[PDB]
Amino acid sequence: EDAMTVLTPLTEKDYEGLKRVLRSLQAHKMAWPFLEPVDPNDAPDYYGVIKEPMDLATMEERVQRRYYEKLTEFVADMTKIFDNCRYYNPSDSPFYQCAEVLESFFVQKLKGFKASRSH
Ligand SMILES: CC(=O)Nc1ccc(CN2CCOCC2)cc1
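Residues numbered from 1 in each chain as written, not as in the entry; some residues may be left out. Heavy atoms only, no water. Residues with missing side-chain atoms left out of burial classes, pairs and counts.

Per the PDB entry, the protein carries the name Nucleosome-remodeling factor subunit BPTF and comes from Homo sapiens. The title field of the PDB entry reads "PanDDA analysis group deposition -- CRYSTAL STRUCTURE OF THE BROMODOMAIN OF HUMAN NUCLEOSOME-REMODELING FACTOR SUBUNIT BPTF in complex with FMOPL000349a".

Structure (structure tokens):
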């Protein structure tokens, strides 16, 4: 990551952009498994294996409360969603496929956000 991403504080204008990025992911057709925390009734062994769970509703709460100080911290939480999914599920599962698709989409939107900060 470049120096702006790591070290430039998130301004109010930056936060409006983060809200838009998040809403785009929440509206994606392949985002359904990630919208809310993993349901322990459906996955009884999940919280024993995955030590730092993450989901898009937890990220929305954090954005609203201005939890993030630097872009790198927002990117780290998002990346945790996808990394947790690829570690827990096998490579041939529909969950794994959704992570592949949605991470690619996130990278496209994140590049757009970074461009709009510098110009
Ligand atoms: C985002 C995420 O990883 N979700 C998730 C949801 C349920 C399970 C539990 N299993 C999966 C396949 O077998 C039936 C139930 C595992 C992972």
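**A short note on the packing of aromatic side chains**
A complete count under the given rule lists six aromatic pairs for this structure. Ring centres of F74 and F106 lie 6.4 Å apart, and the angle between their planes is 45°; this geometry places the pair in the tilted category. Here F106 lies in helix α6 (residues 94-118) and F74 lies in helix α5 (residues 71-88), a separation of 32 residues in the sequence. Comparing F74 with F106, the two get one shared label, buried. Taken together, the aromatic side chains of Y67, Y68, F74 and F106 make up a single cluster linked through ring pairs. Over the ring of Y67 we find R62, and its NZ or CZ is 4.4 Å from the ring centre. (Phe/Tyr/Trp six-rings, centres within 6.5 Å; stacked < 30°, edge-to-face > 60°. Helix = DSSP H or I, 4+ residues; strand = E, 2+ residues; numbered from the N terminus. Buried < 20%, exposed > 50% of the residue type's maximum accessible area, 1.4 Å probe, protein only. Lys NZ or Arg CZ within 6 Å of the ring centre and 35° of its normal.)

**Concerning the packing of helix α2 (residues 12-26) against α5**
Helix-helix packing: each pair is described by the crossing angle between the helix axes and the interaxial distance. Where α2 meets α5, the closest approach of the two axes is 12 Å, and the angle between their N-to-C directions is 10°. Compared by their axis directions, α2 and α5 come out roughly parallel. Contacts between α2 and α5 involve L18, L22 and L25 from the former and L71, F74, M78 and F82 from the latter. Residues belonging to the contact of α2 with α5 are distributed by class as follows: seven nonpolar, no polar and no charged. (Axes fitted to C-alpha atoms, helices over the stretch in contact; angles between N-to-C directions. Parallel < 35°, antiparallel > 145°, perpendicular 65-115°, else oblique. Contact = heavy atoms within 4.5 Å. Nonpolar A, V, L, I, M, F, W, Y, C, P; charged D, E, K, R; others polar.)

**Observations concerning the nonpolar core**
Counting 29 residues, the largest nonpolar core has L25, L56, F74, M78 and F106 as the members making the most contacts within it. Of all the secondary structure elements, the ones that give two or more residues to this core are α2, α4 (56-64), α5 and α6. Every residue in contact with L25, bar those within four places of it in the chain, is listed here: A31, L56, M78, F82, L102, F105 and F106. (Core = buried A, V, L, I, M, F, W, Y, C linked by side-chain atoms within 4.5 Å.)

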